[PDB]
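So the structure is just underneath, and the comments pick up after that.
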Amino acid sequence: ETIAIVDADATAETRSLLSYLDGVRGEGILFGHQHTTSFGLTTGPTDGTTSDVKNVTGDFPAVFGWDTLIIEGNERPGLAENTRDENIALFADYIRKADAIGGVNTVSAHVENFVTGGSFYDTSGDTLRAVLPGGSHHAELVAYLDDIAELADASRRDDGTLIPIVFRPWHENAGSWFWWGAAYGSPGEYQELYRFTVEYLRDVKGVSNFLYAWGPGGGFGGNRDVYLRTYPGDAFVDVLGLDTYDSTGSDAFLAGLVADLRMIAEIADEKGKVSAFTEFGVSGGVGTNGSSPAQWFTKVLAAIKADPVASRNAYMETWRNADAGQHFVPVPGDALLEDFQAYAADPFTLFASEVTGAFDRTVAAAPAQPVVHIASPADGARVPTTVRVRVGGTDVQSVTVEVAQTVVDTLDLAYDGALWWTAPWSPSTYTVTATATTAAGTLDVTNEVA
Ligand SMILES: [Mg+2]
Ligand SMILES: [Mg+2]
């Protein structure tokens, strides 16, 4: 078997996981839970071995979700008193335990606001643009990504084998609740953020156990044009996702959801990639500060199962069981408990003990697709600066840039020794076209800038 994978030199276990995730589509959907062994309402103090899901269904989820907030010391097992390095050691320990249980690990990144010192919910500071290549706070993103690379390398089985992780950075960017969202950067600025993240981890740090997930949000009504507006590209994404919460349980909701789920499944099928329901749940959760829409879990599942295309999604993850006010997996006292248990007992939903042959497959990577993109200035950006061009997946002889408004400037770039071909530029709508002469032929790309 030969598969399209973002990291063409990913570990055998990592290519196996991507193979497994595609093959499971339409046969069964893996249930996922965020912080499943680190936050619980029925577990007592957590140590990476107990889960609310296990306690109420008799099995751990098939997908264990985590966050880089652990590294920051803002979420258990991470502690604010700890160094980032000991938080990383705790993080890797919990991933190791999940793997031993038989689950698949996924990691999101609720990244701190580098500019303001605030949280991921602080949308001031112009932080997205500040962390892009050439940005005033770019070094801080680099430091943050180094910690992630460190975590990836610490995530090893007892025998030394790297545990595959589905890394899902910069999620829900079609909305504006996070500082990396749609109101704080053009689609092109977001794309360069995502591309840089992949390239820094894979190419500069040599991370080999990552699959890359991208999930811009939910509620697209099956509109591919809106959904793919911020699509980073085939060379950057392994898993296409969708994040949708509801508390109505209405026919209108389920119809819109099915439309989005078949949309992502079609796109993934066409591209030879995987699609997944990356986040789902009752809005506000199922606790005292949430809702109990009648039979919500089984209604969602029935709507998915009834559709032969919508059901072609590898996993569906719900959110963290923080406290009585805010939790997403029902516990005794919650009206939705029995319905979740019914959802869990459905043969279509897969839990930890039902995950088999995920990591031991023999599969080859398709050769990496050659790419060129202008990292600065990003498409849609407002502009002395440095033009940065990335050429990946091939040997490069030269890179030339033409600025047009009629051509007003021609730049010959030089390789910087690590990532970009660059040149100085001293600049009402410019067109910036990069042309790379490579061993895979001529590649070009055009960014439009104000
Ligand atoms: Mg590598
Ligand atoms: Mg089941």
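In the structure tokens, each chain is lettered A, B, ... as it comes, each chain's residues begin at 1, and ligands are numbered from 1 in order of appearance.
When the distance limit is 9 Å and only C-alpha atoms are what count, the residues near residue 49 (chain A), minus those fewer than 6 positions from it on the same chain, are residues 37, 38, 94, 97, 98 and 101 of chain A.
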Would you mind listing, for every residue of chain A within 7 Å of ligand 1, the two atoms forming the shortest contact and the distance between them in Å to one decimal, using only C-alpha atoms and all ligand atoms, sorted by chain and ascending residue number, as a Markdown table?
| residue | atom | partner | partner_atom_place_in_ligand_line | distance |
| --- | --- | --- | --- | --- |
| A:7 | CA | ligand 1 | 1 (Mg) | 6.7 |
| A:9 | CA | ligand 1 | 1 (Mg) | 5.2 |
| A:10 | CA | ligand 1 | 1 (Mg) | 6.3 |
| A:202 | CA | ligand 1 | 1 (Mg) | 5.7 |
| A:203 | CA | ligand 1 | 1 (Mg) | 6.3 |
| A:206 | CA | ligand 1 | 1 (Mg) | 4.5 |
| A:207 | CA | ligand 1 | 1 (Mg) | 5.9 |
| A:208 | CA | ligand 1 | 1 (Mg) | 5.1 |
Take the residues just selected and output them with N, CA, C and O atoms as a PDB file, in the first residue's frame.
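Once everything was written out, this is out04.pdb:
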ATOM      1  N   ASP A   7       4.432  14.108   5.946  1.00  0.00           N
ATOM      2  CA  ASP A   7       5.819  13.741   6.165  1.00  0.00           C
ATOM      3  C   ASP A   7       6.082  12.418   5.442  1.00  0.00           C
ATOM      4  O   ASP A   7       5.707  11.344   5.934  1.00  0.00           O
ATOM      5  N   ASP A   9       8.792  10.903   5.076  1.00  0.00           N
ATOM      6  CA  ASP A   9       9.721  10.076   5.843  1.00  0.00           C
ATOM      7  C   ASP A   9       9.261   9.918   7.301  1.00  0.00           C
ATOM      8  O   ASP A   9      10.067   9.948   8.228  1.00  0.00           O
ATOM      9  N   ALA A  10       7.954   9.754   7.495  1.00  0.00           N
ATOM     10  CA  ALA A  10       7.397   9.488   8.821  1.00  0.00           C
ATOM     11  C   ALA A  10       7.690   8.040   9.207  1.00  0.00           C
ATOM     12  O   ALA A  10       7.898   7.188   8.342  1.00  0.00           O
ATOM     13  N   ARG A 202       8.529  19.487  10.872  1.00  0.00           N
ATOM     14  CA  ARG A 202       8.991  18.403  10.011  1.00  0.00           C
ATOM     15  C   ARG A 202      10.424  18.613   9.502  1.00  0.00           C
ATOM     16  O   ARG A 202      11.247  17.694   9.570  1.00  0.00           O
ATOM     17  N   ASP A 203      10.717  19.818   9.010  1.00  0.00           N
ATOM     18  CA  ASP A 203      11.956  20.072   8.267  1.00  0.00           C
ATOM     19  C   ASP A 203      13.094  20.642   9.091  1.00  0.00           C
ATOM     20  O   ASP A 203      14.241  20.247   8.896  1.00  0.00           O
ATOM     21  N   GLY A 206      12.833  18.014  12.538  1.00  0.00           N
ATOM     22  CA  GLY A 206      12.893  16.608  12.182  1.00  0.00           C
ATOM     23  C   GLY A 206      11.884  15.705  12.875  1.00  0.00           C
ATOM     24  O   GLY A 206      12.134  14.513  13.016  1.00  0.00           O
ATOM     25  N   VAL A 207      10.749  16.269  13.300  1.00  0.00           N
ATOM     26  CA  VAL A 207       9.645  15.485  13.873  1.00  0.00           C
ATOM     27  C   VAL A 207       9.163  14.469  12.845  1.00  0.00           C
ATOM     28  O   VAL A 207       8.855  14.828  11.713  1.00  0.00           O
ATOM     29  N   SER A 208       9.093  13.205  13.253  1.00  0.00           N
ATOM     30  CA  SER A 208       8.776  12.108  12.337  1.00  0.00           C
ATOM     31  C   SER A 208       7.534  11.311  12.744  1.00  0.00           C
ATOM     32  O   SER A 208       7.126  10.394  12.021  1.00  0.00           O
TER      33      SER A 208
END
message: Report as a ChimeraX atom specification all protein, DNA and RNA residues lying within 10 Å of residue 75 (chain A), evaluated on only C-alpha atoms, omitting residues in the same chain fewer than 4 positions from it.
response: /A:35,38-39,66-71,79-80,87
Output N, CA and C atoms for every residue in the selection just made, as a PDB file, in the first residue's frame.
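And here is the file that came out, again.pdb:
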ATOM      1  N   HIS A  35      -8.598  14.991  27.202  1.00  0.00           N
ATOM      2  CA  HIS A  35      -8.088  14.919  28.573  1.00  0.00           C
ATOM      3  C   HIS A  35      -8.768  13.788  29.336  1.00  0.00           C
ATOM      4  N   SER A  38      -6.919  12.702  32.447  1.00  0.00           N
ATOM      5  CA  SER A  38      -6.353  13.775  33.266  1.00  0.00           C
ATOM      6  C   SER A  38      -7.407  14.657  33.938  1.00  0.00           C
ATOM      7  N   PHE A  39      -8.621  14.660  33.395  1.00  0.00           N
ATOM      8  CA  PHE A  39      -9.752  15.379  33.984  1.00  0.00           C
ATOM      9  C   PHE A  39     -10.938  14.419  34.025  1.00  0.00           C
ATOM     10  N   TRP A  66      -5.428  15.646  23.677  1.00  0.00           N
ATOM     11  CA  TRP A  66      -4.601  16.429  24.602  1.00  0.00           C
ATOM     12  C   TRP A  66      -4.382  17.838  24.082  1.00  0.00           C
ATOM     13  N   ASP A  67      -3.730  18.675  24.888  1.00  0.00           N
ATOM     14  CA  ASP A  67      -3.426  20.043  24.470  1.00  0.00           C
ATOM     15  C   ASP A  67      -2.060  20.536  24.941  1.00  0.00           C
ATOM     16  N   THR A  68      -1.435  21.405  24.143  1.00  0.00           N
ATOM     17  CA  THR A  68      -0.163  22.036  24.519  1.00  0.00           C
ATOM     18  C   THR A  68      -0.303  22.965  25.744  1.00  0.00           C
ATOM     19  N   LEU A  69      -1.533  23.235  26.179  1.00  0.00           N
ATOM     20  CA  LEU A  69      -1.763  23.890  27.474  1.00  0.00           C
ATOM     21  C   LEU A  69      -1.106  23.101  28.617  1.00  0.00           C
ATOM     22  N   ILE A  70      -0.975  21.783  28.445  1.00  0.00           N
ATOM     23  CA  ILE A  70      -0.210  20.944  29.379  1.00  0.00           C
ATOM     24  C   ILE A  70       1.237  21.446  29.495  1.00  0.00           C
ATOM     25  N   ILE A  71       1.886  21.685  28.354  1.00  0.00           N
ATOM     26  CA  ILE A  71       3.259  22.199  28.328  1.00  0.00           C
ATOM     27  C   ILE A  71       3.343  23.540  29.065  1.00  0.00           C
ATOM     28  N   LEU A  79       1.713  21.469  35.421  1.00  0.00           N
ATOM     29  CA  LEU A  79       1.537  22.326  36.601  1.00  0.00           C
ATOM     30  C   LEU A  79       2.258  23.652  36.411  1.00  0.00           C
ATOM     31  N   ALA A  80       1.637  24.730  36.882  1.00  0.00           N
ATOM     32  CA  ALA A  80       2.205  26.072  36.763  1.00  0.00           C
ATOM     33  C   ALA A  80       3.526  26.214  37.523  1.00  0.00           C
ATOM     34  N   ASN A  87       6.800  19.348  32.575  1.00  0.00           N
ATOM     35  CA  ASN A  87       5.450  19.267  32.023  1.00  0.00           C
ATOM     36  C   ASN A  87       5.398  18.399  30.766  1.00  0.00           C
TER      37      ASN A  87
END
message: What residues of the protein or nucleic acid chains come within 12 Å of ligand 2 when you use only C-alpha atoms and all ligand atoms? Reply as a count of residues only.
response: 31
task: Give me the residues within 9 Å of residue 177 (chain A) as a PyMOL selection string, counting only C-alpha atoms and dropping any in the same chain fewer than 3 places off.
output: chain A and resi 120-123+172-173+180-181
Next, the residues of the selection above should be written as a tab-separated table (two decimals), in the first residue's frame with N, CA, C and O atoms.
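Contents of again_1.tsv, freshly written:
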chain	number	residue	atom	x	y	z
A	120	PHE	N	-5.47	32.16	24.84
A	120	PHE	CA	-5.92	31.91	23.47
A	120	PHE	C	-7.22	32.65	23.13
A	120	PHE	O	-7.49	32.89	21.96
A	121	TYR	N	-8.01	32.97	24.15
A	121	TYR	CA	-9.26	33.75	23.99
A	121	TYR	C	-9.05	35.26	23.89
A	121	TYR	O	-9.97	35.97	23.49
A	122	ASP	N	-7.87	35.74	24.28
A	122	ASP	CA	-7.51	37.14	24.12
A	122	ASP	C	-7.18	37.36	22.65
A	122	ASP	O	-6.17	36.84	22.14
A	123	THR	N	-8.03	38.11	21.96
A	123	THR	CA	-7.90	38.28	20.51
A	123	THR	C	-7.28	39.64	20.13
A	123	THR	O	-7.25	40.00	18.95
A	172	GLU	N	-10.36	25.87	14.25
A	172	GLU	CA	-11.53	26.75	14.37
A	172	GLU	C	-11.20	28.19	13.96
A	172	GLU	O	-11.75	29.16	14.51
A	173	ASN	N	-10.31	28.32	12.98
A	173	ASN	CA	-9.85	29.62	12.49
A	173	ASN	C	-10.85	30.37	11.60
A	173	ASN	O	-10.64	31.55	11.31
A	180	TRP	N	-5.81	33.49	16.44
A	180	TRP	CA	-5.44	33.04	15.10
A	180	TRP	C	-6.65	32.95	14.15
A	180	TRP	O	-6.52	32.45	13.02
A	181	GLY	N	-7.80	33.45	14.60
A	181	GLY	CA	-9.04	33.39	13.82
A	181	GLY	C	-9.18	34.36	12.67
A	181	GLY	O	-8.28	35.17	12.40
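Between residue 332 (chain A) and the candidates A:56, A:378, A:131, A:309, the tightest atom-to-atom separation, counting only C-alpha atoms, involves A:56.
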Test item, helix (DSSP H, G or I) assignment across region 221-450 of chain A, answer as a ChimeraX atom specification: /A:224-227,251-271,296-305,337-345,352-354
message: Measuring between only C-alpha atoms, which one of A:232, A:290, A:441, A:272 shows the shortest distance to residue 19 (chain A)?
response: A:272
- line: What separates CA of residue 161 (chain A) and CA of residue 359 (chain A) is a distance of 10.7 Å
message: I'd like the contact shell of residue 99 (chain A) - 10 Å cut-off, only C-alpha atoms, skipping same-chain residues fewer than 3 positions apart - returned as number ranges by chain.
response: A: 62-64, 93-96, 102-105, 155-157, 163-164, 352
query: So which residues of region 157-203 of chain A fall under strand (DSSP E) by DSSP, listed as number ranges by chain?
result: A: 165-168
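Residue nearest residue 107 (chain A), chosen from A:233, A:169, A:40, A:175 and counting only C-alpha atoms: A:169.
Between CA of residue 327 (chain A) and CA of residue 82 (chain A) lies a distance of 26.1 Å.
Closest approach to residue 268 (chain A) among A:86, A:402, A:238, A:246: A:238, based on only C-alpha atoms.
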statement: Using only C-alpha atoms, the shortest atom-to-atom distance to residue 1 (chain A) among A:405, A:90, A:293, A:364 belongs to A:364
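Counting only C-alpha atoms, the residue from A:184, A:20, A:210, A:425 that sits nearest to residue 381 (chain A) is A:184.
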message: Env of residue 413 (chain A): 12 Å cut, atoms = only C-alpha atoms, seq-sep filter 6 positions within chain, self excluded. Answer as a PyMOL selection string.
response: chain A and resi 374+386-391+396-402+420-425+434-437
